[PDB]
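The sequence shown lines up with residues 4 to 377, 380 to 529 when you count with the entry's author numbering.
The beta-carbon is built from N, C-alpha and C at its ideal position, and this holds for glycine as well.
Read the structure below first, then the notes.
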Amino acid sequence: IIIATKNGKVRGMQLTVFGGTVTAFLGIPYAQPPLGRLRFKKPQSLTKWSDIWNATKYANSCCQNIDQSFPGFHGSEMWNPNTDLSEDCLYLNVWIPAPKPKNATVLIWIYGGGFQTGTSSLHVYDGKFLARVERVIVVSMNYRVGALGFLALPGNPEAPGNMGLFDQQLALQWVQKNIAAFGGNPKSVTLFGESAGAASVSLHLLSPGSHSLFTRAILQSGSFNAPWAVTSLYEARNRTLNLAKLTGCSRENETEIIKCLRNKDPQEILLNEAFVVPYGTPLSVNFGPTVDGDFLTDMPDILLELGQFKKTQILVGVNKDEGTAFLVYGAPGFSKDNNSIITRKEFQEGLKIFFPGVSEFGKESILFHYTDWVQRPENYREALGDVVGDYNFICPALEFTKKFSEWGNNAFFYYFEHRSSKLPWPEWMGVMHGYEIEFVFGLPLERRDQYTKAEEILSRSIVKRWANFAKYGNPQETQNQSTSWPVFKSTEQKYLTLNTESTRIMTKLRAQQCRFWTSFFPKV
Ligand SMILES: *[C@@H]1O[C@H](CO[C@H]2O[C@@H](C)[C@@H](O)[C@@H](O)[C@@H]2O)[C@@H](O[C@@H]2O[C@H](CO)[C@@H](O)[C@H](O)[C@H]2NC(C)=O)[C@H](O)[C@H]1NC(C)=O
Ligand SMILES: *[C@@H]1O[C@H](CO[C@H]2O[C@@H](C)[C@@H](O)[C@@H](O)[C@@H]2O)[C@@H](O[C@@H]2O[C@H](CO)[C@@H](O)[C@H](O)[C@H]2NC(C)=O)[C@H](O)[C@H]1NC(C)=O
Ligand SMILES: Nc1c2c(nc3ccccc13)CCCC2
Ligand SMILES: *[C@@H]1O[C@H](CO)[C@@H](O)[C@H](O)[C@H]1NC(C)=O
Ligand SMILES: *[C@@H]1O[C@H](CO)[C@@H](O)[C@H](O)[C@H]1NC(C)=O
Ligand SMILES: *[C@@H]1O[C@H](CO)[C@@H](O)[C@H](O)[C@H]1NC(C)=O
Ligand SMILES: *[C@@H]1O[C@H](CO)[C@@H](O)[C@H](O)[C@H]1NC(C)=O
Ligand SMILES: O=CN1CCC[C@H]1C(=O)O
Ligand SMILES: [Cl-]
Ligand SMILES: [Cl-]
């Protein structure tokens, strides 16, 4: 199977899926490899080739540091890159139903990883099931991460910032220009992503350059208003200069700094990324999105508040235990290998780990709000997880959804509370950050892979709801006497719970906690 694109022919491969066939094109280039003089610059447009490009295997993942905290452990290692690392990493993947569809809706995945890690080739992002079951087309792309993708010297096109976001945008443009050739509808494209990928999705809603490039958006566990998601101009400058110093590239002509950094091997840059800040936390994002005056024209909180974004439908949600994953990467008393019953004192030391630059009054106020118990030994353990999850993910997602819906668009919010039966992390960590993803991509539909019957059922319905949102803008499951998903409005704030047992309509998720984080805490 061979498809003619604008820049040349590509050959794909046939896959067998559920007694049917899916056609996969893995590793199509969408930009000039950003090497040599091109490192740190916006992605440059592609050449044009005369032969047939073999797209029959995942391409290189972008350069990045790897998680080495738990060698041999599937829980952490499943997120590590499964393909060679290289600066030559600007490639995308396409899954298509067989027989070739005529005008199929397109789903474009953007992975998360704190803007420092990630790759589109992970097992949990395999689009072949969505293509097989719902007959949509699935696209995913690799984008630059870390300093290589987000190094900023505002105004300087040698390193203007936001390069990884421009990588994403160029791929959306590739779909606009080429997807009809694959049987897709360029007028029916839904972006979806998780964590930093969801933050990216929300930023595409704000970038005027992305507005004509997609129809609707889905945000899983992330939004730009999260405290880790956008780096200030002040922080970005101090970090760029710190990087230059650590690598011996401190100069006076800022452009000369960039030249010096271009002569360093990727490993020396990667090695020094962790130290551009005096203290980090498990949620540190040293090189992330900035206000560059190009992709992002002003502080995004201002744009959101004043209604300056694409007017369309959104689907947003979070998991029950967003915060727990991070506790075992530094908080004292914690371990994936015991029940982590911590003391008041340990909770206090824990806040210092996650809020290192915050005043003593600020840390006390967190403790006051989360430690009025009604006693129970796991009180402090659970409080710290909730602190981390509410501050970093849930409260920002809820505030994003309210502000967005106030300008008249339909929004739908979910609360995912099912813990995978195959979860390799201990049960005290609950419904973890990142563990709805395999349900969305329909992994439990494969009966050969250890999931329960109830989980097959949950994933099937989730897959249908996501597909109906992309196609029709309304995430219902209309056939099997399902609970109707009500629109989220700023007054009533209805949301839908996703679980194996009882799907329910609820109101005002974490009302009391979020009043603390959203209204008060930004003042300390
Ligand atoms: C902006 O940058 C300076 C640079 O600090 C150094 O820190 C190293 C970890 C590394 O990045 C190196 O390249 C860089 O020169 C920060 O100054 C530091 O601030 C801390 C806390 O105030 C002091 O304890 C240190 O003495 C000082 N570092 C040294 C050794 O000079 C500064 O904090 C930072 N500003 C911020 C955080 O916005
Ligand atoms: C749960 O485990 C943590 C982590 O302890 C680590 O180190 C060894 C004790 C090893 O056997 C293994 O259990 C684990 O990887 C214990 O918390 C504390 O961890 C800090 C880390 O800085 C150490 O300073 C403490 O010494 C350690 N406590 C102890 C008992 O020494 C924690 O106590 C344990 N909690 C339980 C048993 O519920
Ligand atoms: N590295 C991780 C990522 C995610 N969840 C994780 C959970 C536990 C440990 C590492 C993780 C979800 C977003 C992508 C990366
Ligand atoms: C592409 O793959 C096919 C596999 O049959 C092969 O015939 C062709 O030569 C390949 N082109 C390359 C590797 O350049
Ligand atoms: C698909 O739908 C669009 C409207 O979005 C229509 O204009 C277009 O012609 C269709 N393409 C095909 C080939 O069906
Ligand atoms: C810095 O050096 C570059 C490259 O030689 C040059 O183009 C530019 O004019 C210089 N800028 C300043 C501020 O001196
Ligand atoms: C609807 O229910 C049937 C069984 O009655 C099941 O086979 C099918 O997968 C369900 N459809 C969805 C979208 O959940
Ligand atoms: O994985 C690492 N991090 C750090 C900040 C956000 C988070 C993520 O899952 O995208
Ligand atoms: Cl709960
Ligand atoms: Cl139901």
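Indicate the three-state DSSP secondary structure (helix, strand or coil) for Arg453 in the structure shown. Residue 453 sits at position 448 when you count from the first residue of the sequence shown. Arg453: coil per DSSP, three-state reduction.
Run through the DSSP bridge pairs and tell me what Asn322 is partnered with. Reading the sequence shown from its first residue, position 319 is the one you call residue 322. Its beta-bridge partners are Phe421.
Boundaries (first-last residue) of the alpha helix (DSSP H) holding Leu501: For the purposes of this step, residue 501 is identified with residue 496 of the sequence shown, where counting begins at 1. It is not in any alpha helix (DSSP H) - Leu501 instead sits in the beta strand (DSSP E) that spans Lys499 to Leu503.
When the Cα of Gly78 is compared with those of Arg470, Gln498 and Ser425, which residue comes out closest? Residue numbering aside, residue 78 sits at position 75 when the sequence shown is read from its first letter. When each option's Cα is compared against that of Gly78, the closest is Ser425.
Pair within 9 Å by beta-carbon distance, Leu175 and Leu246: Counting from one through the sequence shown, the residue named residue 175 turns up at place 172. Counting from one through the sequence shown, the residue named residue 246 turns up at place 243. In this structure, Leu246 does not lie closer than 9 Å to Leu175 by Cβ.
Anyone know if the C-beta pair for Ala134 and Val319 falls short of 9 Å? As a first step, residue 134 is located in the sequence shown; it is residue number 131 there, counting from the start. As a first step, residue 319 is located in the sequence shown; it is residue number 316 there, counting from the start. Going by C-beta atoms, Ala134 is not nearer than 9 Å to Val319.
Specify the secondary structure class of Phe118 as computed by DSSP and reduced to three states. Position 115 of the sequence shown, counted from the start, is the residue given in the question as residue 118. If DSSP states are grouped into helix, strand and coil, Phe118 belongs with coil.
So what's residue 378 in DSSP terms, helix, strand or just coil? Residue 378 cannot be located in this model; the chain continues from 377 straight on to 380.
Counting pairs of beta carbons, one from the stretch 140–147 and one from the stretch 166–173, are three or more of them closer than 8 Å? yes
Can you list, in chain order, the residues of its chain whose CB lies under 8 Å from that of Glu422, leaving out five sequence neighbours each side? Here residue 422 refers to the residue found at position 417 of the sequence shown. Cβ within range, chain order: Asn322, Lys323, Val436, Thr502, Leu503 and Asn504.
Considering only the beta carbon of each residue, do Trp82 and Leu125 sit closer than 9 Å? Here the question's residue 82 lines up with position 79 in the sequence shown. Here the question's residue 125 lines up with position 122 in the sequence shown. For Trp82 and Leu125, yes; Cβs fall inside 9 Å.
Please report the straight-line C-alpha distance between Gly75 and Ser53, rounded to a whole angstrom. Position 72 of the sequence shown, counting from 1, holds the residue named residue 75. Position 50 of the sequence shown, counting from 1, holds the residue named residue 53. In a straight line, the C-alpha of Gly75 is about 44 Å away from that of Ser53.
On the three-state DSSP scale, how would you describe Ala27? Stepping through the sequence shown from its first residue, residue 27 is reached at position 24. Note: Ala27 maps to strand in three-state DSSP.
State the DSSP-derived secondary structure class of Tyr128, mapped to helix, strand or coil. As a position in the sequence shown, residue 128 is number 125, starting the count at 1. Three-state result, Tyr128: helix.
Can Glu422 be considered in contact with ligand 9, in the sense that its beta carbon sits closer than 8 Å to one or more heavy atoms? To locate residue 422, count along the sequence shown from 1; it is residue 417. For ligand 9, at least one heavy atom lies less than 8 Å from the Cβ of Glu422.
By DSSP, does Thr243 sit in helix, in strand, or in coil? As a working mapping, residue 243 is identified with position 240 in the sequence shown. Helix at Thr243.
Using C-beta distances below 8 Å, list every residue in its chain close to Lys105, excluding the 5 sequence neighbours before and after it, in chain order. Numbered from 1 along the sequence shown, position 102 holds the residue referred to as residue 105. Excluding residues within five positions, the ones whose Cβ falls inside 8 Å are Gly186.
Entirely enclosed alpha helix (DSSP H) segments - the stretch 435–485, minimum 4 residues: 442–445 and 458–477
Near ligand 1: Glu238 beta-carbon under 8 Å from a heavy atom: Here residue 238 corresponds to residue number 235 of the sequence shown, with the count starting at 1. At least one heavy atom of ligand 1 is nearer than 8 Å to the Cβ of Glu238, so yes.
Residue ranges of each alpha helix (DSSP H) run of no fewer than 4 residues wholly in the stretch 167–247, ordered along the chain? 199–209
Identify every residue that forms a DSSP beta bridge with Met16. For this step, residue 16 is matched to residue 13 along the sequence shown. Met16 is bridged to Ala27.
Taking the alpha-carbon of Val204 as reference, which of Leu448, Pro292 and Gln351 has the nearest alpha-carbon? One-based indexing of the sequence shown puts residue 204 at position 201. Checking every option, the nearest Cα to that of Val204 belongs to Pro292.
Measuring only the C-alpha atoms, how far is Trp231 from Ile4? Sequence index remark: in the sequence shown, residue 231 carries index 228 (1-based). Sequence index remark: in the sequence shown, residue 4 carries index 1 (1-based). If you take the alpha carbons of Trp231 and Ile4, they lie about 43 Å apart.
Might you give, ordered along the chain, the residues of its own chain that have their beta carbon closer than 7 Å to the beta carbon of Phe521, omitting 5 neighbours on each side? As a position in the sequence shown, residue 521 is number 516, starting the count at 1. For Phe521, where only same-chain residues beyond five positions count, the Cβ hits under 7 Å are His372.
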